[PDB]
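J.: As input, take structure_28.cif (mmCIF, C-alpha atoms):
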```cif
data_data
loop_
_atom_site.label_atom_id
_atom_site.label_comp_id
_atom_site.auth_asym_id
_atom_site.auth_seq_id
_atom_site.Cartn_x
_atom_site.Cartn_y
_atom_site.Cartn_z
CA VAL A 5 3.96 1.64 -148.03
CA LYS A 6 6.60 3.05 -145.65
CA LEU A 7 8.94 6.06 -145.58
CA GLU A 8 11.70 6.68 -142.97
CA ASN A 9 12.85 9.62 -145.16
CA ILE A 10 10.18 12.11 -144.08
CA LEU A 11 10.85 11.07 -140.52
CA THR A 12 14.39 12.46 -140.77
CA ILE A 13 13.64 15.59 -142.84
CA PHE A 14 10.87 16.31 -140.33
CA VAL A 15 13.20 16.22 -137.31
CA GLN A 16 15.84 18.37 -139.05
CA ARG A 17 13.36 21.14 -139.92
CA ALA A 18 11.62 20.73 -136.55
CA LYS A 19 14.88 21.04 -134.63
CA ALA A 20 15.60 24.23 -136.65
CA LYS A 21 12.52 26.45 -136.41
CA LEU A 22 11.67 25.45 -132.82
CA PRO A 23 13.07 26.33 -129.37
CA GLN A 24 15.27 23.58 -127.94
CA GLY A 25 13.36 21.20 -125.67
CA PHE A 26 10.12 21.99 -127.51
CA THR A 27 6.92 20.79 -125.80
CA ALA A 28 4.54 18.14 -127.01
CA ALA A 29 2.12 21.08 -127.39
CA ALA A 30 4.81 23.29 -128.97
CA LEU A 31 5.52 20.95 -131.91
CA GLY A 32 1.79 20.62 -132.59
CA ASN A 33 0.91 24.30 -132.91
CA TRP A 34 3.69 24.40 -135.57
CA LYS A 35 2.56 25.10 -139.12
CA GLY A 36 4.65 22.64 -141.14
CA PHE A 37 3.88 19.70 -138.84
CA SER A 38 0.26 19.66 -140.00
CA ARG A 39 1.41 19.85 -143.62
CA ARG A 40 3.28 16.54 -143.29
CA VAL A 41 0.45 14.55 -141.68
CA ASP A 42 -1.52 15.62 -144.75
CA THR A 43 1.20 14.16 -146.96
CA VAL A 44 0.98 10.59 -145.72
CA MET A 45 -2.83 10.57 -145.31
CA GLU A 46 -2.89 10.79 -149.10
CA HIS A 47 -1.05 7.45 -149.25
CA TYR A 48 -4.06 5.63 -147.77
CA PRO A 49 -6.58 4.26 -150.29
CA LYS A 50 -9.67 6.16 -151.34
CA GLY A 51 -13.16 5.19 -150.18
CA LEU A 52 -12.05 5.12 -146.54
CA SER A 53 -15.00 6.33 -144.48
CA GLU A 54 -14.98 9.63 -142.60
CA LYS A 55 -14.76 8.19 -139.09
CA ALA A 56 -11.91 5.89 -140.24
CA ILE A 57 -9.87 8.67 -141.92
CA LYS A 58 -10.14 10.60 -138.67
CA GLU A 59 -9.01 7.55 -136.69
CA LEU A 60 -5.89 7.09 -138.83
CA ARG A 61 -5.00 10.78 -138.84
CA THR A 62 -4.62 10.74 -135.04
CA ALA A 63 -2.22 7.82 -135.50
CA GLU A 64 0.08 9.62 -137.94
CA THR A 65 0.00 12.48 -135.41
CA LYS A 66 1.04 10.06 -132.69
CA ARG A 67 3.75 8.73 -135.01
CA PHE A 68 5.33 12.03 -136.02
CA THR A 69 5.13 13.47 -132.51
CA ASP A 70 6.60 10.34 -130.89
CA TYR A 71 9.30 10.40 -133.56
CA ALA A 72 10.16 14.04 -132.90
CA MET A 73 10.14 13.76 -129.13
CA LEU A 74 11.65 10.26 -128.62
CA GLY A 75 13.49 9.47 -131.86
CA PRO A 76 13.31 6.24 -133.81
CA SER A 77 12.20 2.99 -132.23
CA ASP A 78 14.01 -0.30 -131.75
CA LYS A 79 12.21 -3.61 -131.46
CA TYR A 80 13.57 -4.61 -128.04
CA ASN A 81 12.05 -1.52 -126.32
CA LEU A 82 8.74 -0.38 -127.83
CA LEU A 83 7.61 1.41 -124.67
CA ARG A 84 6.67 5.11 -125.14
CA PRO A 85 6.94 6.74 -121.68
CA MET A 86 4.04 8.35 -119.88
CA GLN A 87 3.62 10.39 -116.74
CA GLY A 88 0.15 10.77 -115.24
CA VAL A 89 -1.32 7.31 -115.76
CA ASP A 90 -3.26 6.11 -112.73
CA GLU A 91 -2.39 2.47 -112.26
CA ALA A 92 -5.91 1.51 -113.36
CA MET A 93 -4.77 2.52 -116.88
CA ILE A 94 -1.48 0.58 -117.20
CA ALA A 95 -1.25 -3.02 -118.43
CA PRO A 96 -0.16 -5.24 -115.51
CA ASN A 97 3.05 -6.56 -117.10
CA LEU A 98 6.23 -7.91 -115.47
CA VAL A 99 6.99 -9.78 -118.73
CA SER A 100 9.48 -12.39 -120.01
CA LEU A 101 11.15 -11.51 -123.32
CA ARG A 115 4.62 -22.42 -137.92
CA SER A 116 1.55 -21.90 -135.71
CA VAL A 117 -0.15 -18.46 -135.49
CA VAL A 118 -2.94 -16.98 -133.30
CA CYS A 119 -4.87 -14.02 -134.58
CA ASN A 120 -7.55 -11.77 -133.15
CA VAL A 121 -10.50 -9.70 -134.24
CA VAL A 122 -11.17 -7.50 -131.18
CA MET A 123 -14.58 -5.82 -131.23
CA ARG A 124 -15.39 -2.80 -129.10
CA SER A 125 -18.96 -2.12 -127.97
CA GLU A 126 -20.79 0.56 -129.94
CA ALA A 127 -21.22 2.28 -126.56
CA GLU A 128 -17.42 2.55 -126.35
CA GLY A 129 -16.98 3.68 -129.97
CA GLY A 130 -17.37 0.86 -132.50
CA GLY A 131 -15.13 -1.04 -134.96
CA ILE A 132 -12.25 -3.45 -134.54
CA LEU A 133 -8.68 -3.00 -133.35
CA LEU A 134 -5.95 -2.82 -135.98
CA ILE A 135 -2.34 -2.04 -135.04
CA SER A 136 1.00 -0.99 -136.48
CA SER A 137 4.01 -3.23 -136.89
CA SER A 138 6.83 -2.49 -134.50
CA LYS A 139 8.72 -0.93 -137.48
CA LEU A 140 7.01 2.40 -136.97
CA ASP A 141 8.71 4.12 -139.90
CA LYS A 142 6.70 1.53 -141.83
CA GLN A 143 3.07 2.49 -142.55
CA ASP A 144 1.63 -0.98 -141.90
CA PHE A 145 -1.66 -1.75 -140.11
CA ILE A 146 -2.50 -5.36 -139.24
CA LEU A 147 -4.60 -7.51 -136.90
CA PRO A 148 -3.07 -8.38 -133.50
CA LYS A 149 -1.31 -11.65 -134.28
CA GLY A 150 1.14 -13.76 -132.30
CA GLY A 151 2.71 -17.17 -131.98
CA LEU A 152 2.52 -19.75 -129.26
CA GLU A 153 4.79 -20.69 -126.38
CA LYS A 154 5.63 -24.36 -125.83
CA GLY A 155 2.54 -25.88 -124.27
CA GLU A 156 0.39 -22.74 -124.43
CA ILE A 157 -3.31 -23.15 -125.15
CA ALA A 158 -3.99 -21.13 -128.30
CA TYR A 159 -6.49 -18.92 -126.47
CA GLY A 160 -4.20 -18.11 -123.55
CA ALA A 161 -1.72 -17.08 -126.27
CA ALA A 162 -4.13 -14.92 -128.27
CA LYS A 163 -5.08 -13.11 -125.05
CA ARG A 164 -1.47 -12.64 -124.03
CA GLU A 165 -0.47 -11.19 -127.39
CA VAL A 166 -3.07 -8.44 -127.59
CA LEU A 167 -2.43 -7.23 -124.04
CA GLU A 168 1.20 -6.77 -125.14
CA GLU A 169 1.28 -5.77 -128.82
CA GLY A 170 -2.00 -3.85 -128.59
CA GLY A 171 -2.58 -3.33 -124.88
CA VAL A 172 -6.24 -4.34 -124.46
CA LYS A 173 -7.80 -6.83 -122.07
CA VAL A 174 -10.00 -9.12 -124.21
CA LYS A 175 -12.33 -12.06 -123.59
CA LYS A 176 -13.32 -14.77 -126.14
CA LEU A 177 -16.64 -14.48 -128.02
CA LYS A 178 -16.37 -17.14 -130.74
CA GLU A 179 -13.48 -19.46 -131.59
CA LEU A 180 -13.06 -19.23 -135.33
CA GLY A 181 -10.91 -22.34 -135.56
CA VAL A 182 -7.89 -23.47 -137.47
CA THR A 183 -7.11 -22.62 -141.07
CA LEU A 184 -4.14 -22.92 -143.39
CA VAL A 185 -2.03 -20.23 -145.07
CA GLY A 186 1.04 -21.56 -146.86
CA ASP A 187 3.19 -23.68 -144.54
CA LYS A 188 1.42 -22.20 -141.48
CA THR A 189 -1.65 -23.08 -139.39
CA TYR A 190 -3.62 -20.04 -138.11
CA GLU A 191 -6.09 -20.16 -135.19
CA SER A 192 -8.39 -17.16 -135.15
CA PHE A 193 -10.67 -15.67 -132.48
CA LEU A 194 -13.48 -13.14 -132.33
CA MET A 195 -13.12 -11.19 -129.14
CA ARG A 196 -14.59 -8.57 -126.88
CA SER A 197 -12.42 -5.84 -125.44
CA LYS A 198 -12.98 -5.49 -121.68
CA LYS A 199 -10.52 -2.79 -120.62
CA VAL A 200 -8.34 -0.60 -122.85
CA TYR A 201 -5.12 0.43 -121.12
CA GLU A 202 -3.50 3.85 -121.59
CA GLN A 203 -0.03 2.39 -121.10
CA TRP A 204 1.09 -1.02 -122.32
CA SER A 205 4.40 -2.69 -123.01
CA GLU A 206 4.62 -1.76 -126.71
CA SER A 207 3.19 1.75 -126.38
CA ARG A 208 4.99 3.24 -129.35
CA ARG A 209 2.74 1.27 -131.70
CA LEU A 210 -0.41 2.90 -133.07
CA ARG A 211 -3.87 1.51 -132.18
CA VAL A 212 -6.78 2.34 -134.51
CA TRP A 213 -10.38 1.01 -134.25
CA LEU A 214 -11.96 0.96 -137.69
CA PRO A 215 -15.37 -0.21 -138.92
CA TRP A 216 -15.75 -3.70 -140.48
CA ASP A 217 -15.75 -2.39 -144.05
CA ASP A 218 -12.76 -0.11 -143.60
CA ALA A 219 -10.52 -2.64 -141.87
CA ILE A 220 -11.17 -4.95 -144.81
CA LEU A 221 -10.17 -2.15 -147.19
CA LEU A 222 -6.96 -1.20 -145.40
CA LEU A 223 -5.77 -4.81 -144.93
CA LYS A 224 -6.39 -5.66 -148.59
CA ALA A 225 -4.51 -2.42 -149.36
CA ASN A 226 -1.28 -3.99 -148.07
CA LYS A 227 -1.72 -7.50 -149.39
CA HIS A 228 -2.62 -9.02 -146.00
CA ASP A 229 -4.92 -11.53 -147.66
CA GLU A 230 -5.07 -14.00 -144.77
CA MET A 231 -6.30 -11.25 -142.42
CA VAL A 232 -9.05 -10.18 -144.89
CA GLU A 233 -10.44 -13.68 -144.79
CA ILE A 234 -10.30 -13.83 -140.97
CA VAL A 235 -12.03 -10.44 -140.83
CA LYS A 236 -14.71 -11.61 -143.27
CA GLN A 237 -14.83 -14.81 -141.14
CA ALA A 238 -15.18 -13.17 -137.74
CA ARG A 239 -17.46 -10.56 -139.20
CA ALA A 240 -20.22 -12.98 -140.12
CA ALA A 241 -19.74 -14.74 -136.80
CA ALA A 242 -20.50 -11.56 -134.89
CA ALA A 243 -23.50 -10.93 -137.12
CA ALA A 244 -24.68 -14.48 -136.36
CA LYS A 245 -24.71 -13.83 -132.56
#
```
Would you encode the structure as structure tokens?

T.:
Amino acid sequence: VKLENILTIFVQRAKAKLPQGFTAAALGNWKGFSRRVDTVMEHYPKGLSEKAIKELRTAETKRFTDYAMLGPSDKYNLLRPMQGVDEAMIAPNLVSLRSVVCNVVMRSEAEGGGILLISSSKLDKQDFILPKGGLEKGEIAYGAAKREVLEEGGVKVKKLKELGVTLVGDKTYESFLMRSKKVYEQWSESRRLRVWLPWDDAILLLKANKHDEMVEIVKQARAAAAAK
């Protein structure tokens, strides 16, 4: 799994060999930075497809760079700041901050393919999951599932197929199969890493971290999409 160690020994050696105030671009052209991204990419399981391994690598990149430039990340304030985002690209959030809702967001092949998986808000943890939330008192489980992904994963989605209620341990899970409409450049938990992987790779990576409920939902929603 995770390693907050390398995050600290990266920012000590990156502070050292680099001019103070070093650019986003400056840290990247650095030679040791690429060596580290290599290091963690090994930790992912084998058999991961080419286009998936690429997709993850960009995420580690995002992680290490965000960690260098903005530090570590608390849970109350997961916003990574951005200049140069036309308002069309920013999630429209003036927010307010067991049962479980849970999404399988599909993107059109036109737009790229696969299904959204995201990082936990503990970004020194190397954990990729489905967008999953709980419900507010009185909230229809679909209005909740929509609300959660626009926040944790910053994507406007619209329901394809309701996958219905199922039971893991003490908890009832209601799952959806969804269509992304708009993907926002800036959303309220920007620090997290968004990856869109193919159906067979998502299954692999979620089983890799013992997320056995989410493998069944993915298998579930997968055959539903195929059904059309």

J.: From the options A:59, A:206, A:144, A:191, which residue's atoms come nearest to residue A:166, counting all atoms listed in the file?

T.: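 Of all the options, A:206 lies closest to residue A:166.
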
J.: Quick one: which residues end up in the PyMOL selection byres ((chain A and resi 163) around 9) for this structure, as JSON, numbers by chain?

T.: {"A": [120, 158, 159, 160, 161, 162, 164, 165, 166, 167, 168, 172, 173, 174, 175, 176]}

J.: Give as an NGL selection string the residues that the PyMOL selection byres ((chain A and resi 213) around 10) matches when applied to the coordinates above.

T.: :A and (55-56 or 59-60 or 122-124 or 129-135 or 211-212 or 214-216 or 218-219)

J.: Selected residues, C-alpha atoms, written as a PDB file, keeping the file's coordinate frame, please.

T.:
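Writing the result to out_15.pdb gives the following:
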```pdb
ATOM      1  CA  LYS A  55     -14.760   8.190-139.090  1.00  0.00           C
ATOM      2  CA  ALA A  56     -11.910   5.890-140.240  1.00  0.00           C
ATOM      3  CA  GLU A  59      -9.010   7.550-136.690  1.00  0.00           C
ATOM      4  CA  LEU A  60      -5.890   7.090-138.830  1.00  0.00           C
ATOM      5  CA  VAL A 122     -11.170  -7.500-131.180  1.00  0.00           C
ATOM      6  CA  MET A 123     -14.580  -5.820-131.230  1.00  0.00           C
ATOM      7  CA  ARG A 124     -15.390  -2.800-129.100  1.00  0.00           C
ATOM      8  CA  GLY A 129     -16.980   3.680-129.970  1.00  0.00           C
ATOM      9  CA  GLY A 130     -17.370   0.860-132.500  1.00  0.00           C
ATOM     10  CA  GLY A 131     -15.130  -1.040-134.960  1.00  0.00           C
ATOM     11  CA  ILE A 132     -12.250  -3.450-134.540  1.00  0.00           C
ATOM     12  CA  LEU A 133      -8.680  -3.000-133.350  1.00  0.00           C
ATOM     13  CA  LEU A 134      -5.950  -2.820-135.980  1.00  0.00           C
ATOM     14  CA  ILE A 135      -2.340  -2.040-135.040  1.00  0.00           C
ATOM     15  CA  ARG A 211      -3.870   1.510-132.180  1.00  0.00           C
ATOM     16  CA  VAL A 212      -6.780   2.340-134.510  1.00  0.00           C
ATOM     17  CA  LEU A 214     -11.960   0.960-137.690  1.00  0.00           C
ATOM     18  CA  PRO A 215     -15.370  -0.210-138.920  1.00  0.00           C
ATOM     19  CA  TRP A 216     -15.750  -3.700-140.480  1.00  0.00           C
ATOM     20  CA  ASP A 218     -12.760  -0.110-143.600  1.00  0.00           C
ATOM     21  CA  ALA A 219     -10.520  -2.640-141.870  1.00  0.00           C
TER      22      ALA A 219
END
```

J.: Can you work out the spacing between atom CA of residue A:42 and atom CA of residue A:74 in Å, to one decimal?

T.: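 Computed distance, atom CA of residue A:42 to atom CA of residue A:74, equals 21.5 Å.
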
J.: Name the closest residue to residue A:71 among the candidates A:15, A:45, A:117, A:225; distances are taken between atoms, counting all atoms listed in the file.

T.: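 So, comparing all the options, the nearest one is A:15.
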